[PDB]
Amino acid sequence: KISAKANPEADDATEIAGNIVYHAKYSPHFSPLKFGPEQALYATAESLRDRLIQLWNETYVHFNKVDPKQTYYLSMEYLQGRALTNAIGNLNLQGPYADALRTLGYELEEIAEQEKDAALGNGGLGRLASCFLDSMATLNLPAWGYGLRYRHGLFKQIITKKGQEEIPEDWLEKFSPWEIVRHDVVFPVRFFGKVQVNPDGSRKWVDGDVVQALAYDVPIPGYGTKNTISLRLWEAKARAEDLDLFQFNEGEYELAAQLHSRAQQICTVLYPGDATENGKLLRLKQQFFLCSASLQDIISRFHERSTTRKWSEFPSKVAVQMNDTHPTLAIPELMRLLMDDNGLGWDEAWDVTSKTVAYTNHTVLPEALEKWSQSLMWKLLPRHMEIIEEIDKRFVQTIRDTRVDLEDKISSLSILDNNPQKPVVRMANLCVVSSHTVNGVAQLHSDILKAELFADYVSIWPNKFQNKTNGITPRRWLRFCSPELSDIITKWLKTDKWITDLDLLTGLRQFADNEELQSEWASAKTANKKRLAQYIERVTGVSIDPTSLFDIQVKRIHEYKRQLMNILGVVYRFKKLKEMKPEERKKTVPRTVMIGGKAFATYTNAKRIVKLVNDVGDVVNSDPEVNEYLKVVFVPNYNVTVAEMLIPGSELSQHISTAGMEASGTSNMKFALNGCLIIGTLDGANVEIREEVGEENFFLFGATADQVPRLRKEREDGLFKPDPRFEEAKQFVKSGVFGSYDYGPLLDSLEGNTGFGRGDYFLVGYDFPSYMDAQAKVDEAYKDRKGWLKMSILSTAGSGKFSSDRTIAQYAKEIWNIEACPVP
């Protein structure tokens, strides 16, 4: 019926349908006869990519001409999610694309559901990086991300009757229609080898292995702007020359291909397991490979913008941001590139380096900061060790010169820990010593950093440390995932400028009590809940009641996130329902509980928690007697797509980490922004949300951070007195009512008073009573519909501050010193 007709700039239904069909025909990846959903997606995605290329190229040419200071963000993860809807939306072509697909016999949703998530990351570190990219593009900032092109991600989670099983991700097994290979953009990265000392006394890293880094671009479109930036990803490749024919033809296939294998290894998965020496080396290879490829690419661009250049311009034209310690090696690597490849002296090269690099810490934990064996570092990266050692030797001399009062502390301040048992390189110390700025990711976290963790460094450089509170993008996380709700907002604010000025959401406050608005809000939530119900049946075969309360905990499965507390809470509520007469049951609040997330494969108890949730759900959900009032579901393969289906339908979300353990929590913000109320500890980003939405719209409970040490010491000393409901939940789990699986060894982590891996270190038992009492409040509040709806609107109305646009603007001004560079 419809005719192929290329129109790379199509912007109406007919043009778009012609261009989609053009790509179906003349960019084929399949037999021509069938044009089913999958072929439609790739066709549509190529239609959009025509737009994206035009804009990316314009933006590249513009930054080239203006030669502004440019920021480059280094991260080991990016959670890009699906790109289709975000691209349609930033190009403001929703109506036209939807019409185009219908003329081709498809609903956009249908096609959207075919797309795979780019498995390029894992946690909030990666989603932060991605929301930042969106904000850089929309604020017209000259900034890019650089990452690694992982083939298989961390893993795809399957749920079998044995619990979580891990299988590789396949998002590249056919092809990805977003990315643009650049076969001219290749840089060599070395490993192992040694340092040649030249007769003139210059130095050179030689020998070892050389791999090739190949650039692919993923364009990132901004909202209401031509500016389209890049997430540039690196693939490690061997050259064809590196296959040894002689050995292949001798039948020795692994030796023959061993350079190709070492390359493949680097982009196989995120965070490869590192109990062994091999894995530790592979991790370091990953980190180095990203730093070295990216910095060579950055230096190459610095020179390309020359209009004949002097190095002293470098930190006025470049800013590099290290996200956690993973890209620490950018420090010595930049030093290597300056002194060896470009001939600079130490002092000049260090001045440049120190003013270019800045460091973002995301961790409350003292021992979670990366430390590497000095022995491994010498083996893998000998030139970098020389440089790292000279950095430490000068810094220690500074402390003897300028600060004799810290002499006794040199053995913890220095970068090199020369402990005779486990000598290591302390990477956070290298970051802090070298960067012009260090920031944390929430006001409390940043204060802990200045006061406890990095106290003495704050002392030497009192202007080095800063705060930059995390945020989210309101495009992906409200405008695009919750379009019904966004229309309501635009109607009642009488503008749509909130989509780039999120503080305008405070205008909703005056309407929180308004009956018509609450009625509209109920309907949108009800409609988003039907959809979520649908999805849940589709992906777990469980039929959930849309009129019940939707209570959601989705995040990495970890003892400190206290999924176990949640799930024991559920066991308790279930027991009490079985024990009630039917007349008492009709008075409780029906609830559907939803838990999701992934456990590290080797993390035994995390894997036992996932198993537990499922076993509970099998029994609870199939009990005709109480399944009207309670259901429990494990949502599998939690990722961006899943979050996009859960958040708009959520009513209560649980952010209940042990106080002091979380530096932030951006999912918190997504929930708050979509009118979902929180039950939470006064921890991380909960502190800021609760300030912004108001205490009365938030279910606080649990010990506070300053209290926790004291409460552990009470446990060590036999003074802890457990609540009987806590013990009743445990026993009931041990009674074997949830099947043959012995949960005793899991529950053992909550027994005893002292010793590694027991003694309830995360205060599950202790917070259970105030947790369950906050849950009773949530039940009472939910029965008062007007009050509930009021709280939900004030939740959204207070979410202004949590925009990634605010965060990036702050970074741009105080740290990077970059400014808007709009493409005409």
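Start at 1 and count along the sequence shown; that's the residue number.
Undergrad: Please count the deposited residues lying between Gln421 and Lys422 that the model leaves without coordinates, and give the class: none, 1 to 3, 4 to 9, or 10 or more.
TA: The entry has no unmodelled residues between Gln421 and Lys422.
Undergrad: Check the entry's C-alpha temperature factors for 387-395 and 634-642, then say which stretch has the higher mean.
TA: According to the PDB entry, the answer is 387-395.
Undergrad: Per the record, averaged over C-alpha atoms, which has the higher B-factor: 672-680 or 163-171?
TA: Result: 163-171.
Undergrad: Say you rank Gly596, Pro648, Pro221, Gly201 by Cα B-factor from the PDB entry; which sits at the top?
TA: If I rank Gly596, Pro648, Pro221, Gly201 by C-alpha B-factor, first place goes to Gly201.
Undergrad: Highest Cα B-factor in the PDB entry belongs to which of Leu508, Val181, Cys267, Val539?
TA: Spelled out: the listed residue with the top C-alpha B-factor is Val539.
Undergrad: Lowest, middle or highest third: where is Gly89 by Cα B-factor in its chain?
TA: CA B-factor rank for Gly89: lowest third.
Undergrad: Compared with the other modelled residues in the chain, in which third is the CA B-factor of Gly757?
TA: CA B-factor rank for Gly757: highest third.
Undergrad: Please place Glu38 in the lowest, middle or highest third of its chain according to the CA B-factor in the PDB entry.
TA: For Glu38, the deposited C-alpha B-factor lands in the middle third.
Undergrad: Place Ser312 in the lowest, middle or highest third of its chain's C-alpha B-factors, as listed in the PDB entry.
TA: Ranked within chain, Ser312 CA B lands in the highest tercile.
Undergrad: Splitting the chain's C-alpha B-factors into thirds, which one does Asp217 fall into?
TA: Tercile = lowest for this residue's CA B-factor.
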